[PDB]
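One chain follows as structure tokens, the form deposited in one PDB entry.
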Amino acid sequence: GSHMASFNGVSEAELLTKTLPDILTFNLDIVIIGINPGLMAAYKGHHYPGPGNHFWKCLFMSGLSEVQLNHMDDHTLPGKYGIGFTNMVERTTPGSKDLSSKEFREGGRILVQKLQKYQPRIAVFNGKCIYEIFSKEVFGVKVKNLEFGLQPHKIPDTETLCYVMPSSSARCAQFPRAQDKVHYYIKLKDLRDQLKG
């Protein structure tokens, strides 16, 4: 059975009109770029609340957070950990498959402007799909075998690096557990520690 009970009598139609505000400041070490808000994120008004989403679990397992945090802690992340949040696409949908190419490319244009303003040390793409679109649109680059981790391009007119991880969503069968994704959060922590020294 489905988990519509977790929406506590709020309809899907109402959730589809909701947005998730960005959590951005200057001098951030990391900005997590999600695809777009999912239904639970639009419902809560906080990043990655999906009970199954691996984000908060991987941030703890990797040592990026010293305690197990949850979505309610997302506003504390810039000050305490140097981490911020944004999304490629603003619109709420149940899945990444409901977004058109035009929406992603409009998202990309808005995103590169936000990155050129805030200039985090590292732009982290939480999903391979959004970086494939970003790269083609911003760097004019399309490689046959896009890989995860550090990308060879910096955000134009900045020193901000691009780093790609598999989506924290548990919809992804290729990295079925938070354990299968934690390697990338550890390498992100190692890349951050290296930049800060």
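Throughout, rigid core stands for the largest set of C-alpha atoms superposing within 1.5 Å between the two forms. All residue numbers refer to positions in the sequence shown, first residue = 1.
**Q** Going by the B-factors listed in the PDB entry, is the mean over the C-alpha atoms higher for 96 to 104 or for 120 to 128?
**A** Stretch with the greater average CA B-factor: 96 to 104.
**Q** With respect to the recorded C-alpha B factors, which stretch has the higher mean value, 136 to 144 or 60 to 68?
**A** Here the higher of the two C-alpha B-factor means belongs to 136 to 144.
**Q** Between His54, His47, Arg171, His153, which one tops the list for Cα B-factor in this entry?
**A** Checking the PDB record, the top C-alpha B-factor among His54, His47, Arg171, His153 is at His153.
**Q** Quick check for you: using the entry's CA B-factors within this chain, is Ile23 in the lowest, middle or highest third?
**A** Ranked within chain, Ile23 CA B lands in the middle tercile.
**Q** Taking only the Cα B-factors deposited for this chain, tell me whether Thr160 sits in the lowest, middle or highest third.
**A** Middle third - that is where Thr160 ends up once the chain's C-alpha B-factors are sorted.
Another form exists, deposited in another entry; not displayed. Remarks below refer to it.
**Q** After core superposition, I'd like to know whether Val141 moves between the shown form and the other one (criterion: C-alpha shift of 2 angstroms or more).
**A** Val141: C-alpha displaced by 2 Å or more between the shown form and the other one.
**Q** Quick one: once the rigid core is lined up, does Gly79 have its C-alpha move by 2 Å or more between the shown form and the other one?
**A** No; that C-alpha moves by less than 2 Å between the shown form and the other one.
**Q** Does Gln119 shift between the shown form and the other one by 2 angstroms or more at the C-alpha, the core having been superposed?
**A** The answer is no; the displacement is under 2 Å.
**Q** Closer or farther: how do the Cα atoms of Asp98 and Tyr131 compare in the other entry relative to this form, given a change of at least 3 Å?
**A** Relative to the displayed form, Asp98 and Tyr131 draw closer in the other entry - a change of at least 3 Å between their C-alphas.
**Q** Given a change of 3 Å or more, say if the Cα atoms of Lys57 and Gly95 sit closer or farther in the other entry than in this form.
**A** Pair moves farther apart in the other entry.
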